[PDB]
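I have placed the structure first, in the form of structure tokens, so that the comments after it can refer back to it.
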Amino acid sequence: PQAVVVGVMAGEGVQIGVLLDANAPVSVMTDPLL
Amino acid sequence: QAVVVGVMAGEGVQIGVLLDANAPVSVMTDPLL
């Protein structure tokens, strides 16, 4: 339960499967995720 | 040479740490923990 796997959609349509931290606040992840 | 990075830990708590530039990750992940 410490992490969750989700599909992130990016420019023009590429879908990428990623394992994100389930409890950190969302504003902390958008930059390195990009 | 050195570097400083934001190391995330339990429940997402943000922590800042200073690490060496040339030593490999394996020799530092233990003392860092």
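If you're wondering about the labels, chains in the structure tokens are A, B, ... by order shown, residues count from 1 in each chain, ligands from 1 in order shown.
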
**Request:** Excluding residue 18 (chain B) and any residue of its chain fewer than 4 positions from it, enumerate the residues within 7 Å of it, using only C-alpha atoms, and give them as an NGL selection string.
**Result:** :B and (3-5)

For chain A against chain B, with a cut-off of 12 Å and counting only C-alpha atoms, what is the closest atom pair and its distance in Å to one decimal for every residue that makes the cut, ordered by chain and number, as a tab-separated table?
residue	atom	partner	partner_atom	distance
A:1	CA	B:11	CA	10.7
A:2	CA	B:11	CA	7.8
A:3	CA	B:11	CA	10.1
A:20	CA	B:12	CA	11.0
A:21	CA	B:12	CA	7.4
A:22	CA	B:11	CA	8.2
A:23	CA	B:11	CA	5.4
A:24	CA	B:12	CA	4.2
A:25	CA	B:12	CA	7.6
A:26	CA	B:12	CA	10.4
A:27	CA	B:12	CA	11.8
A:28	CA	B:14	CA	9.2
A:29	CA	B:12	CA	10.7
A:32	CA	B:6	CA	11.4

Export of the given selection (N, CA, C and O atoms) as a short mmCIF file (atom, residue, chain, number, x, y, z; two decimals), in the first residue's frame:
data_model
loop_
_atom_site.label_atom_id
_atom_site.label_comp_id
_atom_site.auth_asym_id
_atom_site.auth_seq_id
_atom_site.Cartn_x
_atom_site.Cartn_y
_atom_site.Cartn_z
N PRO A 1 0.81 -1.21 0.00
CA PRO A 1 0.00 0.00 0.00
C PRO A 1 0.85 1.27 0.00
O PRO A 1 0.32 2.37 -0.09
N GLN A 2 2.17 1.10 0.09
CA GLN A 2 3.07 2.24 0.12
C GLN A 2 3.22 2.90 -1.24
O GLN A 2 3.68 4.04 -1.32
N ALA A 3 2.85 2.21 -2.32
CA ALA A 3 2.96 2.77 -3.66
C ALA A 3 1.84 2.22 -4.53
O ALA A 3 1.23 1.20 -4.21
N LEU A 20 4.05 5.17 -8.56
CA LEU A 20 4.10 6.40 -7.79
C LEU A 20 3.97 6.20 -6.28
O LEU A 20 3.35 5.23 -5.81
N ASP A 21 4.56 7.13 -5.53
CA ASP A 21 4.48 7.13 -4.07
C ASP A 21 3.03 7.42 -3.69
O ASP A 21 2.48 8.45 -4.09
N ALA A 22 2.42 6.52 -2.93
CA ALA A 22 1.01 6.67 -2.57
C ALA A 22 0.70 7.73 -1.51
O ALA A 22 -0.47 8.07 -1.36
N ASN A 23 1.68 8.25 -0.76
CA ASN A 23 1.33 9.21 0.29
C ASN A 23 1.94 10.60 0.19
O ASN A 23 1.43 11.52 0.84
N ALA A 24 3.00 10.81 -0.59
CA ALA A 24 3.50 12.17 -0.76
C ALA A 24 2.45 13.05 -1.45
O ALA A 24 1.62 12.56 -2.21
N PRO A 25 2.46 14.36 -1.18
CA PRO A 25 1.50 15.24 -1.86
C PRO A 25 1.86 15.43 -3.33
O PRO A 25 3.03 15.54 -3.69
N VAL A 26 0.82 15.47 -4.16
CA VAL A 26 0.95 15.51 -5.62
C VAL A 26 1.86 16.60 -6.15
O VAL A 26 2.54 16.41 -7.17
N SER A 27 1.90 17.77 -5.51
CA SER A 27 2.78 18.83 -5.99
C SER A 27 4.26 18.47 -5.94
O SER A 27 5.06 19.07 -6.68
N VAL A 28 4.65 17.51 -5.11
CA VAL A 28 6.05 17.08 -5.00
C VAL A 28 6.54 16.23 -6.17
O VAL A 28 7.75 16.18 -6.43
N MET A 29 5.65 15.55 -6.89
CA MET A 29 5.99 14.62 -7.96
C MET A 29 5.93 15.14 -9.40
O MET A 29 6.65 14.61 -10.25
N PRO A 32 9.75 16.04 -11.24
CA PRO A 32 10.58 14.89 -11.64
C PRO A 32 9.84 13.94 -12.57
O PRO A 32 10.47 13.30 -13.42
#

**Item:** Backbone DSSP call of strand (DSSP E) for chain A, listed as an MDAnalysis selection string
**Value:** chainID A and resid 3:9 15:21

Let me see the file: selected residues, N, CA, C and O atoms, as a CSV table (one decimal), in the first residue's frame.
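What ended up in selection05.csv:
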chain,number,residue,atom,x,y,z
A,3,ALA,N,2.8,2.2,-2.3
A,3,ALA,CA,3.0,2.8,-3.7
A,3,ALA,C,1.8,2.2,-4.5
A,3,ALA,O,1.2,1.2,-4.2
A,4,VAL,N,1.6,2.9,-5.6
A,4,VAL,CA,0.5,2.5,-6.6
A,4,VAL,C,1.1,2.7,-8.0
A,4,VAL,O,1.9,3.6,-8.3
A,5,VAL,N,0.7,1.7,-8.9
A,5,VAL,CA,1.1,1.8,-10.3
A,5,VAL,C,0.0,2.4,-11.1
A,5,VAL,O,-1.2,2.0,-10.9
A,6,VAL,N,0.3,3.4,-11.9
A,6,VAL,CA,-0.7,4.0,-12.7
A,6,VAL,C,-0.1,4.4,-14.1
A,6,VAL,O,1.1,4.5,-14.2
A,7,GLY,N,-1.0,4.6,-15.1
A,7,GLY,CA,-0.6,5.0,-16.4
A,7,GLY,C,-0.7,6.5,-16.5
A,7,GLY,O,-1.8,7.1,-16.3
A,8,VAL,N,0.4,7.2,-16.9
A,8,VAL,CA,0.5,8.6,-17.1
A,8,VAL,C,0.5,8.9,-18.6
A,8,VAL,O,1.3,8.4,-19.3
A,9,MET,N,-0.4,9.8,-19.0
A,9,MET,CA,-0.5,10.2,-20.4
A,9,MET,C,0.4,11.5,-20.6
A,9,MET,O,0.3,12.4,-19.8
A,15,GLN,N,1.5,6.7,-23.6
A,15,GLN,CA,1.1,6.3,-22.3
A,15,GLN,C,2.3,5.6,-21.6
A,15,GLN,O,2.9,4.7,-22.3
A,16,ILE,N,2.6,5.9,-20.4
A,16,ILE,CA,3.8,5.3,-19.7
A,16,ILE,C,3.3,4.8,-18.3
A,16,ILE,O,2.8,5.5,-17.5
A,17,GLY,N,3.6,3.5,-18.1
A,17,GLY,CA,3.3,2.9,-16.8
A,17,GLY,C,4.3,3.3,-15.7
A,17,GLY,O,5.5,3.0,-15.9
A,18,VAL,N,3.8,3.8,-14.6
A,18,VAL,CA,4.7,4.2,-13.5
A,18,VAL,C,4.2,3.9,-12.1
A,18,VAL,O,3.0,3.8,-11.9
A,19,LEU,N,5.1,3.6,-11.2
A,19,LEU,CA,4.8,3.3,-9.8
A,19,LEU,C,5.1,4.5,-9.0
A,19,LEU,O,6.3,4.8,-8.7
A,20,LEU,N,4.0,5.2,-8.6
A,20,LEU,CA,4.1,6.4,-7.8
A,20,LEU,C,4.0,6.2,-6.3
A,20,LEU,O,3.4,5.2,-5.8
A,21,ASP,N,4.6,7.1,-5.5
A,21,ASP,CA,4.5,7.1,-4.1
A,21,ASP,C,3.0,7.4,-3.7
A,21,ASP,O,2.5,8.4,-4.1

**Asked** How many Å separate CA of residue 7 (chain B) from CA of residue 34 (chain A)?
**Response** 18.0 Å

**helix (DSSP H, G or I) positions in chain A, given as number ranges by chain** = A: 11-13, 26-28, 30-33

**Request:** Quick one: everything within 12 Å of residue 28 (chain B), counting only C-alpha atoms, minus sequence neighbours fewer than 6 positions away in the same chain. Send it as a VMD selection string.
**Result:** chain B and resid 17 to 22
